[PDB]
Every structure is written in structure tokens, then in C-alpha cells.
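Let's start with one chain on its own, the form deposited without the named molecule, as C-alpha cells.
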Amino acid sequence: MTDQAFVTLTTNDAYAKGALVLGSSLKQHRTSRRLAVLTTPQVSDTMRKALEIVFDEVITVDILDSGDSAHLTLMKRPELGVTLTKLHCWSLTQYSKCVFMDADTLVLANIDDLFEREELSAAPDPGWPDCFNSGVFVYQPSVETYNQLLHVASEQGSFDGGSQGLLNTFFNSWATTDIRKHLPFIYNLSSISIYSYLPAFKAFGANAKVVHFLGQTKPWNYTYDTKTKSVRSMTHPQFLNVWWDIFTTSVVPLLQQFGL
């Protein structure tokens, strides 16, 4: 309850919108857990203040500062900045177990049952199914694990330049061990798969609990008509429209409170 939480990250204002929609969706589906968000100094004061209302805890991380434990690793592999910032999710020892969710995900139903899972439970990644997708994962905060991950990042780096490569390298038994650590695909449904492998989507898509907006165009990069309640042209805009409905209904008016 108080010791468990959903954790997300925002390094800029664009992703802060995503984090705000994600946090709202979790409240909408009545989670009994806490909501935490990692933020960097590049996130504006108004976005930070909005995050303080949606989330129960807002943690500031600045890997660009020499005082950060990941800074030295950053100097060595500067392209891993976002990854190293994300890894700080393991530093949240005030929680015994957490579900990390990228700011470009959207919750469509209560997913508190994820807390029944053990460290390193994640859904399979489309494209290369023997690697798990780093968009959503169950983990246990630990300084020791954090230090071990930073060590792998320092020595090996990430085979894909992101958190996905590093996490798969470290938690490498995932593909061949314990089916329970394979979170059902509907807990991290790739937006790409929805329009790509269509027959399967028509068959199992209605059970989607979490949508992961992948690709170059993020939800906030679309134009949304508030009258027709639909984004502008994409054979299944349903999810994009849910994201925008929450953004329009709960997030924007919240940000307006600060103009006064």
C-alpha cells in the first residue's frame, strides 16, 4: 500500500505531459498504491508544480551534477544519460516493490495485480521477443542492485543505447526462466503492434490494460479536435483519443490553475 508504488520519469516538459496523463489514468482506475515520478532540473517549474498535485512524490535527479552517483558513468558513456537517470528508480528504497512505467504509457484498467510479481517481471518486446520491453517492469528498489546496474553500464554499456539493452543484459535469464516474469503483452501493449499485426489485435486487443506509445510521433505530437473528440489523421485512434481526453479533461485545466 504505502510501501509500494508506480514510478515514472520525465526529463523534459513534453514527457511531463505524458507523465501527467499516466498518473491521472492510474488515479482514474483507482490504484491503492502511491505514485512517484523522477524529474530532472530541465523540467519547468509549472510542470513540476503540476506533477506535485498528480503524484504523491516528486524526486529530483540531476546526473549532470558531479555529486550524482551516476555522473562518472555518464562522463564515460554520455549517450546513456536518460538510461542512467531512469536507473535511479532502484534508489527509491522507501518502497519495497515498484512498477516502473515510461511516461509514454497509458493505463486503461486497474493493474495493481502487478504487485504480485517479483523483481524483473516485464512483457516481451515485439521485434525481438526474447528481450523484454523496458516500458513497464516490476522491480525492487535496492542500492546494491542500482550499483550493479551502474557497473554493467560502465563496463558494457547498452547494446541498444537505451535502458532496454542494459536491463536485458543484466536480467538475462528472463527469456528462459520463470513464465511468471513474462508479464502478459496486454500490460505493455505496443501501439505499433496494434496497427501492424492487426488480426491479433482484433482478437485480443479489447483486453488491453496498458498502451505503450512507441514510434517517432508521441501522443502530444498529434492535433486533437475537442469537438469531435478525436485526433487528426491510424486505423485505431481509440487509444490516442483516450490519452487526449484525459489530457484535455484533467491535465490542461490543472496547468491553468498556475496562471493565477
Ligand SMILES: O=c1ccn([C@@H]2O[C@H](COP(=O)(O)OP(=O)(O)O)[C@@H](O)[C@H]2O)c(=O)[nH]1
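Start at 1 and count along the sequence shown; that's the residue number.
K.L.:
Please figure out whether residue 233 and residue 234 are truly consecutive in the deposited sequence or have unmodelled residues between them, and give none, 1 to 3, 4 to 9, or 10 or more.
P.N.:
Missing residues, residue 233 to residue 234: 4 to 9.
K.L.:
Output the stretch having the higher mean C-alpha B factor in the entry; the candidates are 54-62 and 216-224.
P.N.:
Comparing 54-62 with 216-224, the higher average CA B-factor belongs to 216-224.
K.L.:
What stretch has the higher average Cα B-factor here, 67-75 or 162-170?
P.N.:
Comparing 67-75 with 162-170, the higher average CA B-factor belongs to 67-75.
K.L.:
In terms of recorded Cα temperature factor, pick the maximum from 38, 198, 35, 210.
P.N.:
Top of the list by C-alpha B-factor: 198.
K.L.:
Based on the entry's values, in what third of the chain does the Cα temperature factor of residue 157 lie: lowest, middle or highest?
P.N.:
Top third by C-alpha B-factor.
Form solved in complex with the named molecule: not shown, discussed below.
K.L.:
Quick one: of 250, 11, 241, 25, which gets a non-hydrogen atom within 4.5 angstroms of the named molecule in the bound PDB entry?
P.N.:
After the contact test, the surviving option is 11.
K.L.:
Which residue among 209, 48, 218, 34 has a heavy atom within 4.5 angstroms of the named molecule in the bound PDB entry?
P.N.:
Only one option qualifies, and that one is 218.
K.L.:
Please run the contact check for residue 82 against the named molecule in the bound PDB entry: heavy atoms, 4.5 angstroms, yes or no?
P.N.:
Heavy-atom contact with the named molecule at 4.5 Å: present for residue 82.
K.L.:
Does at least one non-hydrogen atom of residue 103 fall within 4.5 angstroms of the named molecule in the bound PDB entry?
P.N.:
Heavy-atom contact with the named molecule at 4.5 Å: present for residue 103.
K.L.:
According to a 4.5 angstroms non-hydrogen atom cut-off, is residue 214 in contact with the named molecule in the bound PDB entry?
P.N.:
It does: once the named molecule is placed as it appears in the bound PDB entry, residue 214 has a heavy atom within 4.5 Å of it.
K.L.:
Within 4.5 angstroms, counting heavy atoms, which one of the listed stretches 67-75, 103-111, 169-177, 143-151 is next to the named molecule in the bound PDB entry?
P.N.:
That would be stretch 103-111.
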